[PDB]
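**Student:** Quick one: this structure, given as structure tokens, is what I'll be asking you about.
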Amino acid sequence: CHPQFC
Amino acid sequence: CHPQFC
Amino acid sequence: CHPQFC
Amino acid sequence: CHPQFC
Amino acid sequence: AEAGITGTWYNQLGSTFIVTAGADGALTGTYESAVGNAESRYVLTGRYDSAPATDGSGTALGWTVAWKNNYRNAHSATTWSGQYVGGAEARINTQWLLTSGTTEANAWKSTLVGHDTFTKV
Amino acid sequence: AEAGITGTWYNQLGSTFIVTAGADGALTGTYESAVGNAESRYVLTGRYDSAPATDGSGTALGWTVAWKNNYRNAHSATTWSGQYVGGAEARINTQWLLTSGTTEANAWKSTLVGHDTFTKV
Amino acid sequence: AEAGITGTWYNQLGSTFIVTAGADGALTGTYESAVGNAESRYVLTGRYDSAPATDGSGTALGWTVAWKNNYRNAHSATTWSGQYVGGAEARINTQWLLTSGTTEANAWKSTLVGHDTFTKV
Amino acid sequence: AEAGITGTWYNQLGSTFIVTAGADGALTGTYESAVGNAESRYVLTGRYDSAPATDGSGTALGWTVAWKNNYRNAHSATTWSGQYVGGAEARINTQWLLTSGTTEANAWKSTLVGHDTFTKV
């Protein structure tokens, strides 16, 4: 889970 | 205005 | 015709 | 590698 | 999916989508625009996963409408790609690409992109 | 288009697309992956404009493959949207969307986008 | 737009976007992820139309975040393209493309596409 | 990347892109259209990964041009998202989204999608 998301 | 819309 | 193109 | 590709 | 996909679906603008999902992965039906006239109806065809995963994954699907019928030819076709998510408030979430036939000089303005959500309600 | 669309098409990677364009706008056929095996074959269905404009505009079309057959289920579907351009070196130019069935938490990584050109050669 | 664009914006997931719109079309600021930590902060840069049309058209804009800061490198970059719509309940509507650095063999899975709405609330 | 990204790049149509990649991830420069006039020049800003992976992965990047300068306002903005691939014949591969400011009724035709390759040659 990508930093754009988390 | 396109048939997908109207 | 848009400046990205012309 | 996905069947669209391989 | 399958019997959950079969039936009538509505997007946020009022368009109506009617589909039969077949036993081996076929989608067939009609798309009807706003105003709801007896032809702003157009034929659709597509495909879905008929053996989807058993955890809580959605069912992957897509379909095409070419915008020609007996009353109108808009010289374009739209594809919707998305997934069906079932349960109490079932929905289908999509992104779409609309391509118009252009000359090669105008080919930079041939394809629009947007997104759509369909519900049963 | 029509009889110009019917036949075998190849993209830059070696995938093979075989279509019959029907008299009233239907596309039916198969998509075969690289390695070319007797099943990396998948069913396709779509739609095209059967009365296109007479100036030099391309023919708008699209189709869907759900990636399930008798050997494999990849729990995904791709839609291609584009146009057919005829003549001496005919081609079909497309953009595609590939959606995978995900949970709602993973729904941010469900759809990939890319583009493809098919020739007769 | 301009002084209407300046400030703090939130999407449906809880991400926070902070921008200063400059007098000649510059956007500068930071993007902060969910969990809201002192660095899941990343730098953003973009551009907007500073003399937009006077009918009710929105203000066209876009920006980039590369996902590297002092704590993390996710070897990717996202671009958002959309428009600002002002008034009583102002929002910014976007589509986004996320590209990851891949080898040329894996280049088919480099770019994801989705969409986002930001409000002031 | 970095000193490999700095310089002049050309797409298949003849547009010219001039960028300085900065030490901490900034991209600044100008985009010049076909005809090549002293202003069809527009300002660009973006971001890239300045510590990319060491296997053969590309360098993820993106940038925005708002189409307003001193001679013209086209009330739109384009974002390019892609990667830089170095070596003997270096290139940058992109997909782009072009959004025009619209009223909410016309908002279905606001965003076009296409793709572009830039070389040094």
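We number each residue from 1, going along the chain as drawn.
Cβ coordinates come from backbone N, Cα and C, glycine included.
Grabbed the feature section from Swiss-Prot, which reads as follows:
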type: BINDING; residues: E:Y31, E:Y42, E:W80, E:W96, E:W108; note: biotin binding site
**Student:** How many other Cβ atoms are found within 10 Å of the Cβ atom of E:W96 (biotin binding site), counting all protein chains shown?
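**Tutor:** By my count, 21.
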**Student:** Just name the winner among E:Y31, E:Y42, E:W80, E:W108 (the binding-site residues) by count of other CB atoms within 10 A of its CB.
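**Tutor:** It comes out as E:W80.
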**Student:** Among the binding-site residues E:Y42, E:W80, E:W108, which sit with their Cβ under 8 Å from a Cβ of chain B?
**Tutor:** E:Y42
**Student:** What subset of the binding-site residues E:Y31, E:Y42, E:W80, E:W96, E:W108 has a Cβ sitting under 8 Å from a Cβ of chain C?
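**Tutor:** Among the binding-site residues E:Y31, E:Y42, E:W80, E:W96, E:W108, the ones whose Cβ sits under 8 Å from a Cβ of chain C are E:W108.
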**Student:** Which secondary structure state does DSSP assign to E:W80 (biotin binding site), in the simple three-class scheme?
**Tutor:** strand
**Student:** If you measure every Cα to Cα pair among E:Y31, E:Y42, E:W80, E:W96, E:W108, the residues listed for biotin, what is the largest value in Å?
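**Tutor:** Binding-site diameter by Cα atoms for biotin: 27 Å.
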**Student:** Can you filter E:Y31, E:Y42, E:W80, E:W108 (the binding-site residues) down to those whose Cβ is less than 8 Å from some Cβ in chain G?
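**Tutor:** Near chain G, no listed binding-site residues qualify.
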